[PDB]
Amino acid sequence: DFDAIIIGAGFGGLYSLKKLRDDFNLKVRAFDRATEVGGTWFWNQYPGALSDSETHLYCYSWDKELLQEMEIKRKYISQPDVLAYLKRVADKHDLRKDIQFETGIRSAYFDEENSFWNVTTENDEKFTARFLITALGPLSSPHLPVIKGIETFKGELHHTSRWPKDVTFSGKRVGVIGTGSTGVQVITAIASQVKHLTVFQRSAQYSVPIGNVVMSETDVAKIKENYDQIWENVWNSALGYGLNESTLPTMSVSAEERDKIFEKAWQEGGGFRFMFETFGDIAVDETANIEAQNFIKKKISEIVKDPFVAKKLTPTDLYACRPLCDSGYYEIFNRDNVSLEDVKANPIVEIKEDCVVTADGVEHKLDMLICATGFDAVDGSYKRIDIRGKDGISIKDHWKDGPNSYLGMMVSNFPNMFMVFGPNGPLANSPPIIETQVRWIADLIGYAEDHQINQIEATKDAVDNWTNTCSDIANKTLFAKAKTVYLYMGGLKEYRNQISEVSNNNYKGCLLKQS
């Protein structure tokens, strides 16, 4: 028996555990397949893995002593250093004693008679808990490309989410399939280390400099002396990235002033910076969006000296969705040991024991093939657990057509289950989102103990109202276009307003059952 069972020991699960156990004095246990805390920062150890947000903001804000203790080595934070940070949090707050590692959760069945959850591990251990906290993260299973013959390759073959230790590059012919955020980081990190790199690019994306530099002790002291204001700015912002979020319309300035503004963001670095600190309508107005595209295309054409390679790297679509950042990606294609293959024009048709074959018949001989090919969507982590709520309905069936929820935290037919960083949540920096949701969920659970409520559930109507709120917001944006509604796009500040109104109005939209 527990008051709460938590699935996941990444950012979301660790704070779920600390808040429910130490601040609300509940009996809690968390579970993770991993052998150690860290979640995605434990699993993803590929070359060049790097935070998207600056080091001093990609962290918890709720422990002020930790903030002052913060190691801030570079402007952005590498995977080993995030993993080390989350280990330090677990150390300081004595968290591991209530985490069962190497334990996958196979099923969780809601017991409507007793109003609690029966949770079964993959080793057939059964646990019961009033509440179920799912902190499963944004990504499901790794997606491997479906390519004829991929199982015949005799060299090294890895998805980036299963990067083995001890990989060496010297003397090897290496291929990378995928040029999203992960592929860009891997390619930039390994091109100088391999004998030859072939990049297999299906769709060129826009990338801006991340500007990752060492942080002086003065840089760090200024941050730490001003940390309360820094966090106040996060809670008052749409993105939580520490940006000066612009309201300036792109076309309201001259051509010369617009170039200076883009160039300032480009030199400072950061994807959200380039998209949202420059001007206020890049994601909203097509004409503004085209000015942003053209600035980046001109940078590509200046960096990449061969115009035919530059052309191949140049996208043909909107500057939209989460912005990409790099530490020297376009420069890589000037190297004599790098080949770019456009596999939209020249598709991969076969993999054999020693090569990737393209449609022109060319055998690209490889010692190593890296699949930076992405992951299944967020709801897959939910559908891969056998979660059965009211009347035995499964989340596979409930979400056949995509995820829908109330506030991103509650699913109709699934009572006493609360999602952390779940679908239909905000587009912002994740740790502020997780802290916002964990604190809301925990206050609701505390309210239920105070008012002797034993079943909490969102109504179908509140879920559908949330879906409409997200749909209305997203349809004012070019993100609705470009490459159920998966995200709420109103920003962190308005998200916190939205959920505060719900808690201030006796949890409108939630069915509360007394006993």
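Numbers for residues come from their place in the sequence shown, where the first is 1.
Deposited sequence between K483 and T484: 10 or more residues lack coordinates. Look at the C-alpha B-factors of 107-115 and of 367-375. On average they run higher in 107-115. Of the two stretches examined, 388-396 and 162-170, the record assigns the greater average C-alpha temperature factor to 388-396. The PDB entry assigns the greatest CA B-factor among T40, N465, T35, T55 to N465. Listed residues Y85, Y406, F418, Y330 were ranked by CA B-factor as deposited; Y406 comes out on top. Placement of the Cα temperature factor of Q45 within the chain: lowest third of the modelled residues, per the deposited record.
In this PDB entry, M70 carries a Cα temperature factor that places it within the highest third of its chain's modelled residues. Ranked by C-alpha B-factor against the other modelled residues of its chain, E125 falls in the highest third. Ranked by Cα temperature factor within the chain, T179 sits in the lowest third according to the deposited record. For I6, the recorded CA B-factor ranks within the lowest third of the chain. Only modelled residues enter the ranking.
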